[PDB]
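In: Provided hereafter are the protein sequence and its experimental coordinates.
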Amino acid sequence: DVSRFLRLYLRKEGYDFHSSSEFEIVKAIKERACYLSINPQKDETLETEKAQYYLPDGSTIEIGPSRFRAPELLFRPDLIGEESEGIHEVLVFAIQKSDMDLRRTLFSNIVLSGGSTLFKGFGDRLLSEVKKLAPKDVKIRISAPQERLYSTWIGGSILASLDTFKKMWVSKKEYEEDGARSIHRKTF
Amino acid sequence: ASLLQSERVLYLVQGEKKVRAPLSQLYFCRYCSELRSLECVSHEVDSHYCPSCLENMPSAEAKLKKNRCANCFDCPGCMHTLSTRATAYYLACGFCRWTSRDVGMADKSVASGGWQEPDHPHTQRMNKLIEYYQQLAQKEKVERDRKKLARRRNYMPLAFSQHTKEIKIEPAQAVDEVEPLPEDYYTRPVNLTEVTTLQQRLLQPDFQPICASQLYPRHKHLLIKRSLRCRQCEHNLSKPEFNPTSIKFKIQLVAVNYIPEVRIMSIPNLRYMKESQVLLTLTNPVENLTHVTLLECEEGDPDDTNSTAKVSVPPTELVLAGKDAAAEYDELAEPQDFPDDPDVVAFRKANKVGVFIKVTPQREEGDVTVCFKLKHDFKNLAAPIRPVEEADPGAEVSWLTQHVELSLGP
Amino acid sequence: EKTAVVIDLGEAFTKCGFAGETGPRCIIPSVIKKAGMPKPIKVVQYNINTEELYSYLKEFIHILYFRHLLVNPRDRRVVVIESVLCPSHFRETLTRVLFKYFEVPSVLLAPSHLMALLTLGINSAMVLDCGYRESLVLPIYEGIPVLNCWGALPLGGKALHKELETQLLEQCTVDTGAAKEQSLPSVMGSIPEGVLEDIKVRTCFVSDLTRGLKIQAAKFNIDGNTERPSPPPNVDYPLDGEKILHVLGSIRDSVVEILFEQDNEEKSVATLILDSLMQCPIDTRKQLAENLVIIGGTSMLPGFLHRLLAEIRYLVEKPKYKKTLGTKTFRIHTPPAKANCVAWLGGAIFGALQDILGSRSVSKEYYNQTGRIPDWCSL
Amino acid sequence: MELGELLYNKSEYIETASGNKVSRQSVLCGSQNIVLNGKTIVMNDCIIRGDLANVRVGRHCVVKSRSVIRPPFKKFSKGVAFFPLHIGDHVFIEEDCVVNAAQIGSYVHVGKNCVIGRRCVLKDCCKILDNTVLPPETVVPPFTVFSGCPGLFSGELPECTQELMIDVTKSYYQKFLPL
Ligand SMILES: Nc1ncnc2c1ncn2[C@@H]1O[C@H](COP(=O)(O)OP(=O)(O)O)[C@@H](O)[C@H]1O
Ligand SMILES: Nc1ncnc2c1ncn2[C@@H]1O[C@H](COP(=O)(O)OP(=O)(O)O)[C@@H](O)[C@H]1O
Ligand SMILES: [Zn+2]
Ligand SMILES: [Zn+2]
Ligand SMILES: [Zn+2]
């Protein structure tokens, strides 16, 4: 969705990426150059450098203000007009929904996973946006690993290696006899 | 203007926006001391007139008639003013032989009064929509006013008194299936004469018709009489109330009618070296001037400069006699004979002085361009004086520098 | 108060006139004839230096306010119609020209799609805008444009003009008038845009879905022996007087098909409505589908509205759109003014509302103070 | 060339009388009805026919070579006759130009090889560009430029035409001398 919204803002800068192939280079532009400002309103008033990005053909494009106000839509999806909570909100709401005793320990242990946390100054913004929503004088540690993109797989690789995994999985003969539920019931 | 290439040697304007324009196009501002361009100055609207039947129409009548002449018509096929021909009248063009009979408009008994353009097909639906939105906009105004005076009051919506005819337009019905392209278009020769081009289609925008027989002749477009007003200065120039069949200005003001105009009388060789003779005529009756300055070093936008013009000459006092003079009537001593200046000054006729500039061509490949500054004693007369009652010595003392850019043929 | 002027700066043509009128007073090609230049430069050009764009717009607005319209710019307000996602620097420049140079009282930057909706009177409707550069669609639901569910493809005038030029150069048959009665190919390296536009309008038309679907497979030649319908007769078009270009019948009904061609991606002018409508909220589906609006001069092409509405109902049955948009009744609105001048007419209807105009519109006193035009991007 | 008017040396053969210079090469069939009050120039191979005319020309009028000034015939139901044309003061007709115009205004610059139509009125301080066709019974306002095969409003002239055009025609006359 951030890649889709960046394409719209790039057309508002005057660079069209209409083709499905041309959507892939918008994802590359996003991954290369898009920084999350701590205050979005101050960076908008400030005149941008307009940092040049080089395309596959060789042509240059000056991204400018589209760079920072594209990934902002994660933290504030109402701006474009998508009815959602937001990345700062879903984290806090998930902790607040859980029992009162655990809230402090769950705030004290937050782990960032996936590729859409690697945005430059994501941890800086999230910490600030969580703090104001979360209760006052509570310790908030957002422990990002160095391998966020490949964290999900490494977990499976460790889980798979354990002898307990031998019990957890569903055998081919089990699926034929037990039925369809076999996969669902053994999931957890 | 065009015969002699006025679009060669240009004068510079001072302010926010710097522009290089011919002196013929520029205007001198008398309120202050700074010549300004047609671009820099603000434009106004004085009078409307028809280019065929020259009739000065008022501003109010134009708004009703949609900036058009009732009597005159322009042909739709080609863009030219039509003419009434009799047999009992039909409208015909001179350039193309398009008639009013071709499209099938009936001949009128009366000459001008009979002819008319059909009413717009969606004019009734228009007024109904305006009145609906007008009533609906009025509700928003009252809501916005009530909200604003409540904020201004700052009473926190305190209920002192009790709070709280309709116009309903029917929305357009959506057709289930739009009319298909007629089966004629398949297997039929297309004559390009019968169908109309885009240009002549778009001149009639209210119902732009594909066929020529539908395309009616539109009324002739009224033209404008421009009046210029500056940012700092108030008035500048304007036109009479009878601009139709008149070449008179109510207030004549132009850069050529105050600042001394420079012209390249002779053009020498363009092969790396030469000596060019340029004239410096005065327009004012009695004044003084000097082309001393060499446009400094990398100041006053000398980027166009592709040569080193010396013009190492002191001031020369020239005067204009507004009268039909004979060939060498009288020889003045102090003006002409005393500054002989045979190397510098080429010739000195009435309101004329030729000057030799030592240019250095072929510094670039080609297109030789020279920057030089010209000074003149501007009798501004800014202070109140009736037929030069005041001395105007401080005014005459004022030296106005115009950064000229002469461009040699090359 | 005075009747506020309406301007609508487009790549091909600009609409101009006064508020509370049946249609626009002047409609002309958006170009300027500068001294030295043989072909006149286009006034709206995206991705250039601001100073060069400022001079072109200053030159153009001057021609509109004096030669075409006859009225003082400072006296009365402006209603600038411009499409949604119009480049930032261009809109910033256009306002800066009107506010600084001309010193207009107040400009109102209306989106073309929301203005097109007012002309009908209906509060909610889907709006397709087949223009010169890009054919854009934007669902408008009860006054609120839904930017979330936008859609655009480069299948407008420019893409059609380029396709015509390519086809004519392949099957090039001109009678120069110099022993050129015999078919002479590519005597001129390029054809000027003014000619191509006139050929498109007069000669070329939009085919029926049944005939068009055969034309697509015919030129493909997908394991079939001459499976094309019978074309129309060849039309002879004059080029620069003496040179007579014989336009092939195939070119007339094949040039248009690039708009309605699937091209594997499943991205046509037809698909763009259904692609947008499927992405819209579940409650809004049935209201938007029932109220379709087709503006833009590209849709004026003869038999475009029938082909589109037909191509829609065919693409509905396709398995992708069959689930969501299966049992939906697609009905087109017929606007009061012509397809080209629907956008303009909205701004005039809006301009007639003096009370709301002054409030919504950005005053010069605000712009001189701030120097920040409000946009749908963050403030 | 760069504002300054250039030298043009005339031959011995030319009819110089009371300031008015008329090339002997240029026939003017009908010398009775045609009249040249001022210091006019008519270049070689030019035509000024007396087909029931009254061709009055300006103070400093100029007509370049291979150019024709013929009066138009008025298609009147009462009587069909040739309408007498009146060339204004300080009029500059360019080379190879065709003129079938009735009442040409003062201080005008008619371009090269440009055909002006039948019964065509031109008001003072106008300019017709080169390779242009003004159709029959057309009017051109002051401070205007008409061009194209249609012959329609192209733009406006410089404000200072009245003062400027005087210099042009008088300079050309003064500069145009015998060899
Ligand atoms: N270095 C990066 N900076 C910013 N965004 C990135 C970066 N790397 C990946 N992304 C974004 O994250 C996505 C990768 O998501 P991923 O972590 O693979 O998801 P999943 O956990 O479902 O496998 C990319 O498509 C891109 O949009
Ligand atoms: N009346 C018409 N009939 C057929 N085609 C037209 C007509 N008017 C315009 N067109 C074509 O459609 C295009 C419409 O573009 P337009 O909507 O005026 O520009 P923009 O999208 O920049 O506002 C033109 O470029 C032209 O090729
Ligand atoms: Zn001034
Ligand atoms: Zn008239
Ligand atoms: Zn005509």
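Out: Sure, I can see it. Numbers count the residues shown, from 1 in each chain, chains lettered A, B, ... in the order given. Ligands and ions are numbered 1, 2, ... in the order given.

In: can you give me the strands in chain A?
Out: Assigned by DSSP state E, the strands in chain A fall at A:52-54, A:60-62.

In: now for these, which one comes closest to chain C?
Out: Closest approach to chain C among the strands of chain A (C-beta to the nearest C-beta): strand A:60-62, 8.9 Å. Every C-beta, even on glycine, is put in place using the N, C-alpha and C of the backbone.

In: contacts only, for the residue of chain D found nearest ligand 3.
Out: Nearest residue of chain D to ligand 3: residue D:159, at 16.4 Å (C-beta to the ion). Listed by C-beta atoms under 8 Å, 6 or more residues apart in numbering or on different chains, the contact partners of residue D:159 are B:25, B:27, B:237, B:249, B:254, D:143.

In: next, format those as JSON lines and append neighbour count.
Out: Converted to JSON lines, the contacts of residue D:159 look like this (neighbours: other C-beta atoms under 10 Å in any protein chain shown):
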{"residue": "B:25", "neighbour count": "22"}
{"residue": "B:27", "neighbour count": "25"}
{"residue": "B:237", "neighbour count": "17"}
{"residue": "B:249", "neighbour count": "16"}
{"residue": "B:254", "neighbour count": "22"}
{"residue": "D:143", "neighbour count": "21"}
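
In: okay, the strands of chain A, which one's buried deepest?
Out: Highest mean neighbour count of the strands of chain A: strand A:60-62, a mean of 15 (counted as mean count of other C-beta atoms under 10 Å in any protein chain shown).

In: contacts for that strand, please.
Out: Strand A:60-62 is contacted from outside by A:10, A:13, A:15, A:29, A:50-55, using C-beta under 8 Å, 6+ apart.

In: check stretch C:264-284 too.
Out: Stretch C:264-284 is contacted by residues A:19-20, C:124, C:126, C:128, C:130, C:135, C:137-139, C:141, C:146, C:148-153, C:155, C:259-262, C:285, C:288-289, C:292, C:308, C:311-312, C:315-316, C:320-321, C:324-325 when judged by C-beta under 8 Å, 6+ apart.

In: quick one: contacts for residue 44?
Out: Picked chain A for this. A:65, A:69, C:378-379.

In: that answer is for a different chain, and I need it for chain C
Out: Residues near residue C:44 by C-beta under 8 Å, 6+ apart: C:9-11, C:30, C:90.

In: where do the strands sit along the stretch 301-410 of chain B?
Out: Assigned by DSSP state E, counting those that start in this stretch, the strands in the stretch 301-410 of chain B fall at B:354-357, B:369-377, B:399-407.

In: let's have the ones you listed in a markdown table, adding mean neighbour count.
Out: Below are the strands of the stretch 301-410 of chain B laid out as a markdown table (neighbours: other C-beta under 10 Å):
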| stretch | mean neighbour count |
| --- | --- |
| strand B:354-357 | 20 |
| strand B:369-377 | 21 |
| strand B:399-407 | 19 |
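
In: I'd like those as CSV, with distance to ligand 3 appended.
Out: Formatted as CSV, the strands of the stretch 301-410 of chain B follow (distance: least, C-beta to the ion, whole Å):
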stretch, distance to ligand 3
strand B:354-357, 29
strand B:369-377, 17
strand B:399-407, 12
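
In: now those as JSON lines including distance to residue A:155?
Out: Below are those laid out as JSON lines (distance: least, C-beta to C-beta, whole Å):
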{"stretch": "strand B:354-357", "distance to residue A:155": "85"}
{"stretch": "strand B:369-377", "distance to residue A:155": "73"}
{"stretch": "strand B:399-407", "distance to residue A:155": "74"}
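
In: I am finished for the moment; much appreciated.
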